[PDB]
$ cat upload-v5.pdb   # PDB, C-alpha atoms
ATOM      1  CA  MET A   1      89.211   6.946  61.158
ATOM      2  CA  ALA A   2      91.889   8.960  59.398
ATOM      3  CA  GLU A   3      93.039  10.859  62.463
ATOM      4  CA  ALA A   4      93.265   7.456  64.106
ATOM      5  CA  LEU A   5      95.816   6.372  61.530
ATOM      6  CA  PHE A   6      97.612   9.696  61.311
ATOM      7  CA  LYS A   7      98.053   9.480  65.063
ATOM      8  CA  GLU A   8      98.960   5.808  64.913
ATOM      9  CA  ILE A   9     101.892   6.505  62.624
ATOM     10  CA  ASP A  10     102.751   9.342  64.977
ATOM     11  CA  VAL A  11     104.181   6.873  67.465
ATOM     12  CA  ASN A  12     105.815   9.950  68.946
ATOM     13  CA  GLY A  13     102.433  11.299  69.978
ATOM     14  CA  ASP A  14     102.943  14.967  69.200
ATOM     15  CA  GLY A  15      99.827  15.328  67.081
ATOM     16  CA  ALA A  16     101.926  16.522  64.167
ATOM     17  CA  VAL A  17     103.491  14.719  61.230
ATOM     18  CA  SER A  18     106.366  15.313  58.842
ATOM     19  CA  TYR A  19     107.412  14.808  55.239
ATOM     20  CA  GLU A  20     109.118  11.514  55.993
ATOM     21  CA  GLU A  21     106.255  10.296  58.149
ATOM     22  CA  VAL A  22     103.707  11.138  55.480
ATOM     23  CA  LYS A  23     105.835   9.564  52.775
ATOM     24  CA  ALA A  24     105.892   6.418  54.879
ATOM     25  CA  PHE A  25     102.142   6.504  55.377
ATOM     26  CA  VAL A  26     101.538   6.830  51.656
ATOM     27  CA  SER A  27     104.253   4.268  51.033
ATOM     28  CA  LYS A  28     102.300   1.795  53.129
ATOM     29  CA  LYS A  29      99.929   1.915  50.180
ATOM     30  CA  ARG A  30     102.162   1.771  47.127
ATOM     31  CA  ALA A  31     105.398   3.112  45.696
ATOM     32  CA  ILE A  32     104.455   4.623  42.356
ATOM     33  CA  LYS A  33     106.672   7.650  42.852
ATOM     34  CA  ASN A  34     104.971   8.697  46.068
ATOM     35  CA  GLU A  35     108.176  10.399  47.143
ATOM     36  CA  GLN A  36     107.975  12.850  44.264
ATOM     37  CA  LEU A  37     104.213  13.099  43.924
ATOM     38  CA  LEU A  38     103.983  13.586  47.671
ATOM     39  CA  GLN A  39     106.842  16.064  47.787
ATOM     40  CA  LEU A  40     104.709  18.035  45.360
ATOM     41  CA  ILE A  41     101.530  17.793  47.398
ATOM     42  CA  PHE A  42     103.282  18.317  50.712
ATOM     43  CA  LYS A  43     105.128  21.332  49.361
ATOM     44  CA  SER A  44     101.816  22.756  48.212
ATOM     45  CA  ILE A  45     100.479  21.878  51.644
ATOM     46  CA  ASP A  46     103.297  23.312  53.723
ATOM     47  CA  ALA A  47     102.327  26.951  53.350
ATOM     48  CA  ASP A  48     104.892  28.054  55.906
ATOM     49  CA  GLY A  49     107.351  25.382  54.839
ATOM     50  CA  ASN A  50     108.199  24.114  58.303
ATOM     51  CA  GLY A  51     108.910  20.783  56.654
ATOM     52  CA  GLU A  52     106.236  19.273  58.866
ATOM     53  CA  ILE A  53     102.461  19.304  59.134
ATOM     54  CA  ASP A  54      99.608  18.497  61.486
ATOM     55  CA  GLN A  55      96.516  16.312  61.496
ATOM     56  CA  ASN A  56      94.443  19.061  59.926
ATOM     57  CA  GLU A  57      96.902  19.550  57.090
ATOM     58  CA  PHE A  58      97.078  15.784  56.767
ATOM     59  CA  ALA A  59      93.301  15.527  56.769
ATOM     60  CA  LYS A  60      93.123  17.881  53.811
ATOM     61  CA  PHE A  61      96.239  16.281  52.375
ATOM     62  CA  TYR A  62      94.447  12.958  52.108
ATOM     63  CA  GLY A  63      92.534  14.507  49.233
ATOM     64  CA  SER A  64      89.073  15.983  49.647
ATOM     65  CA  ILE A  65      89.148  18.863  47.192
ATOM     66  CA  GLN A  66      88.645  16.842  44.032
ATOM     67  CA  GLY A  67      88.872  13.150  44.834
ATOM     68  CA  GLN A  68      89.427  11.946  41.288
ATOM     69  CA  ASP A  69      91.806   9.673  39.418
ATOM     70  CA  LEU A  70      90.006   6.564  38.228
ATOM     71  CA  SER A  71      86.710   8.180  37.304
ATOM     72  CA  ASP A  72      88.702  10.525  35.099
ATOM     73  CA  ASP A  73      89.753   7.430  33.193
ATOM     74  CA  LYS A  74      86.169   6.213  33.223
ATOM     75  CA  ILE A  75      85.217   9.402  31.421
ATOM     76  CA  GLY A  76      87.336   8.467  28.427
ATOM     77  CA  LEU A  77      85.714   5.067  28.050
ATOM     78  CA  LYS A  78      82.297   6.562  28.691
ATOM     79  CA  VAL A  79      82.788   9.034  25.867
ATOM     80  CA  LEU A  80      83.906   6.244  23.567
ATOM     81  CA  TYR A  81      80.856   4.199  24.480
ATOM     82  CA  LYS A  82      78.854   7.291  23.612
ATOM     83  CA  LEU A  83      80.694   7.659  20.325
ATOM     84  CA  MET A  84      79.800   4.113  19.351
ATOM     85  CA  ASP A  85      76.123   4.774  19.957
ATOM     86  CA  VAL A  86      75.327   7.021  17.017
ATOM     87  CA  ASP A  87      71.606   6.437  17.386
ATOM     88  CA  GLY A  88      70.784   8.602  20.379
ATOM     89  CA  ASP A  89      69.647   6.439  23.270
ATOM     90  CA  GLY A  90      72.562   5.944  25.634
ATOM     91  CA  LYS A  91      72.446   2.161  25.689
ATOM     92  CA  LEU A  92      74.119  -0.695  23.850
ATOM     93  CA  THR A  93      73.516  -4.401  23.375
ATOM     94  CA  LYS A  94      75.697  -7.494  23.372
ATOM     95  CA  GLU A  95      74.953  -7.952  19.689
ATOM     96  CA  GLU A  96      75.479  -4.291  18.880
ATOM     97  CA  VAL A  97      78.638  -3.958  20.940
ATOM     98  CA  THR A  98      79.777  -7.273  19.513
ATOM     99  CA  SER A  99      79.042  -5.952  16.043
ATOM    100  CA  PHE A 100      81.148  -2.867  16.662
ATOM    101  CA  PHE A 101      83.947  -4.768  18.356
ATOM    102  CA  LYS A 102      83.796  -7.468  15.708
ATOM    103  CA  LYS A 103      85.771  -5.010  13.615
ATOM    104  CA  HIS A 104      88.615  -5.636  16.032
ATOM    105  CA  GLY A 105      87.923  -9.325  16.520
ATOM    106  CA  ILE A 106      88.135  -9.229  20.299
ATOM    107  CA  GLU A 107      85.282 -11.693  20.639
ATOM    108  CA  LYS A 108      86.481 -11.931  24.221
ATOM    109  CA  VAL A 109      84.900  -8.563  24.912
ATOM    110  CA  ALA A 110      81.718 -10.214  23.695
ATOM    111  CA  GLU A 111      82.133 -12.890  26.338
ATOM    112  CA  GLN A 112      82.991 -10.339  29.000
ATOM    113  CA  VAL A 113      79.985  -8.257  28.027
ATOM    114  CA  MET A 114      77.766 -11.323  28.036
ATOM    115  CA  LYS A 115      78.970 -12.280  31.495
ATOM    116  CA  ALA A 116      78.689  -8.668  32.588
ATOM    117  CA  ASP A 117      74.991  -8.725  31.784
ATOM    118  CA  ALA A 118      74.238 -11.173  34.571
ATOM    119  CA  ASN A 119      70.634 -10.019  34.548
ATOM    120  CA  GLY A 120      70.133 -12.170  31.473
ATOM    121  CA  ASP A 121      68.468  -9.878  28.965
ATOM    122  CA  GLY A 122      71.028  -9.329  26.231
ATOM    123  CA  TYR A 123      71.371  -5.579  26.619
ATOM    124  CA  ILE A 124      73.358  -3.037  28.595
ATOM    125  CA  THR A 125      73.571   0.675  29.306
ATOM    126  CA  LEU A 126      76.155   3.373  29.908
ATOM    127  CA  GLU A 127      75.308   3.614  33.589
ATOM    128  CA  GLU A 128      75.649  -0.148  33.813
ATOM    129  CA  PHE A 129      78.978  -0.096  32.014
ATOM    130  CA  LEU A 130      80.323   2.535  34.378
ATOM    131  CA  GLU A 131      78.946   1.016  37.559
ATOM    132  CA  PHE A 132      80.362  -2.282  36.358
ATOM    133  CA  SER A 133      83.737  -0.646  35.853
ATOM    134  CA  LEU A 134      83.662   0.561  39.438
TER     135      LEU A 134
END
$ encode --input "upload-v5.pdb" --output "structure tokens"
Amino acid sequence: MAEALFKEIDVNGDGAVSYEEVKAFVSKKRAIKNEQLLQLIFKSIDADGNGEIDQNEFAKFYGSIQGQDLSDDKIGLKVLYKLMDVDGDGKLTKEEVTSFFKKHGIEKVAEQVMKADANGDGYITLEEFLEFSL
């Protein structure tokens, strides 16, 4: 229902958008430097540089070429989790993880991991850690 929104914002009803309109749309979400970030995207979008765009451009603008941002961050953790496991299985336990974290003393993590389990076994995996992060 993207086009629905894109059109919605387009109170004008021309079927086309602009840089200010888009900025607003994105703004509706957050304001973490969307003006700049956008300006970058938009610019890259506006091939002709008419200063405006259309639904199509907006559709692709949304981000469907490499929808990534969080996962990328999940990779880091994942790796780490893999680093910890120097056995060669791809799974960790509350006791093991707690033993490794103990070094830090963030027992909390132990509590969070214990609560994360849910199942009630006393073990966890990488896929579970990721899915849980999502």
$ resolve_selection --input "upload-v5.pdb" --expression "the PyMOL selection byres ((chain A and resi 7-14) around 12)" --output "PyMOL selection string"
chain A and resi 1-6+15-18+20-26+28+52-56+58-59
$ closest_residue --input "upload-v5.pdb" --among "A:129, A:94, A:67, A:19" --to "residue A:79" --atoms "only C-alpha atoms"
A:129
$ resolve_selection --input "upload-v5.pdb" --expression "the PyMOL selection byres ((chain A and resi 83-88) around 12)" --output "list in words"
residues 76, 77, 78, 79, 80, 81, 82, 89, 90, 91, 92, 93, 96, 97, 98, 99, 100, 101, 124, 125 and 126 of chain A
$ resolve_selection --input "upload-v5.pdb" --expression "the PyMOL selection byres ((chain A and resi 134) around 9)" --output "count of residues only"
8
$ axis_aligned_box --input "upload-v5.pdb" --around "stretch 91-104 of chain A" --padding-each-side "6 Å" --output "lines of an AutoDock Vina configuration file"
center_x = 80.5
center_y = -2.9
center_z = 19.7
size_x = 28.2
size_y = 22.1
size_z = 24.1
$ atom_distance --input "upload-v5.pdb" --atom1 "atom CA of residue A:42" --atom2 "atom CA of residue A:57"
9.1 Å
$ atom_distance --input "upload-v5.pdb" --atom1 "atom CA of residue A:75" --atom2 "atom CA of residue A:39"
27.9 Å
$ atom_distance --input "upload-v5.pdb" --atom1 "atom CA of residue A:37" --atom2 "atom CA of residue A:62"
12.7 Å
